């Protein structure tokens, strides 16, 4: 039995999006919950107790504590951009990983304040593919989470279609310690 007992995934999705929300035309806010930390905009998520499943030295899943709530485009008393990301998971396959999230997000209806989307629940969405700097090996004492990230087709759609499929996101960072 091996489990991720310490460390953090450090990832703020995409700096241009955080800037878009906080200082750009969205004029909104970012709020972290459930244990996530800011860590300079490279949001830090801790591994969840019992959150590690290992199927092979190079394959497994680590579930993380934390959530991110994006708000933008305040129209009347509603926010037209209202996206919550939770249940963050990292699924490892050697030098590759996937970043999986649950999303609760208003549908994008167009670039007007004359219309607002209803909340769409998107569970278990693969948001990004990760190219890890080093191969994940759950038989070792640590896993380096550093790597580059590509947005998936479904992630692009979940974020209003403004990004193209395969677009680069923030690189992943951090590390986990694995023990018995």
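Numbering follows the first chain given and starts at 1.
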Mean Cα B-factor comparison, 125-133 or 111-119, giving the higher one as deposited: 111-119
Where does residue 55 sit by CA temperature factor within its chain: lowest, middle or highest third? middle
Looking at the temperature factor on the CA atom of residue 78, which third of the chain's modelled residues does it land in? highest
What third of the chain, by the recorded C-alpha B-factor, contains residue 48? highest
The third of the chain into which the C-alpha temperature factor of residue 144 falls is the highest
Considering only modelled residues of the same chain, in which third does the CA B-factor of residue 30 rank: lowest, middle or highest? lowest
